[PDB]
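[1] when you get a sec, could you give me coordinates for this:
(one chain, ligands or ions: 2)
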Amino acid sequence: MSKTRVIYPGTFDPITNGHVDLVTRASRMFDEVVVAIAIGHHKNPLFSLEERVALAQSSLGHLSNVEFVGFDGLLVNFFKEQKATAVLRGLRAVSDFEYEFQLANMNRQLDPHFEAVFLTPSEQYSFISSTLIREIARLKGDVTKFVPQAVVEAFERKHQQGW
Ligand SMILES: CC(C)(COP(=O)(O)OP(=O)(O)OC[C@H]1O[C@@H](n2cnc3c(N)ncnc32)[C@H](O)[C@@H]1O)[C@@H](O)C(=O)NCCC(=O)NCCS
Ligand SMILES: [Mg+2]
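    Numbering: from 1, shown residues only. Ligands and ions are numbered 1, 2, ... in the order given. Right below this line is the structure:
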């Protein structure tokens with residue numbers, strides 16, 4: 001009966017109503033949730049680590065047991081470093097599902113204490129992909145339904161400096 005600490009890694013580029021759902025749900029059933037933003041040097045994302053954490057903090061800060069960190073390197077090492085109970089992932093589409101197994105099973109080989117636990121989001125957040133949001137945003141489309149308001153504005157400010 002130690003305290004429990006789940007890591008919720010992602011690139012959050014940007015965070016979406018779906019992510020927010022998942023974190024909220026997780027905060028209700030574990031002691032600490034750590035939103036962990038993957039820096040991803042060699043991944044090349046649309047928003048900076050700083051924009052990404054900011055927008056996250058903006059949508060989930062009102063939860064007292066959620067923290068925000070950037071990390072790179074090996075999730076398994078992050079896991080160890082954070083003395084985590086488990087890693088949180090969401091399940092919705094179907095190709096996600098067999099990679100998620102690879103991930104879980106590979107990481108368990110690297111660290112037998114590793115553990116993945118999966119939530120499902122509200123049915124209304126199941127279609128939403130971060131990728132699909134970027135494409136719609138990128139074409140002056142209305143992503144208000146799919147992402148928090150800070151993110152909407154962030155998209156607009158990205159247009160304002162050319163996009
Ligand atoms: C960034 C990681 C976690 C993968 O997540 P991804 O890049 O897909 O970004 P995203 O921000 O979309 O991820 C958030 C998580 O929530 C789920 N999710 C994503 N979008 C939604 C949504 N709209 N609704 C519900 N769930 C969602 C996903 O299944 C994912 O688990 C990955 O880069 C990572 O570091 N994982 C470890 C990878 C690994 O072990 N590699 C080998 C050494 S690290
Ligand atoms: Mg996504």
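[2] what sits against the residue in the chain that ligand 1 sits nearest to?
    Using Cβ to the nearest ligand atom, residue 18 is the residue of the chain that sits closest to ligand 1, at 2.4 Å. For the C-beta atoms, the positions are set from N, CA and C on the backbone; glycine is no exception. Residues counted as contacts of residue 18 (Cβ atoms under 8 Å, 6 or more residues apart in numbering) are 90, 92, 121, 125-126, 128.
[3] of these, keep whichever come out buried.
    90, 92, 121, 125, 128 (16 or more other Cβ atoms under 10 Å).
[4] which one of those residues sits closest to residue 157?
    residue 128 (21.4 Å; Cβ to Cβ).
[5] ok, the residue nearest the centre of the chain - contacts?
    Compute the mean C-alpha point of the chain, and by Cα atoms, centre = their mean the closest residue is residue 10, 3.8 Å away. Contacts of residue 10 were listed using Cβ under 8 Å, 6+ apart, and they are 19, 35-38.
[6] what segments of the protein are helices?
    17-27, 49-60, 75-81, 95-110, 130-138, 149-160 (DSSP state H).
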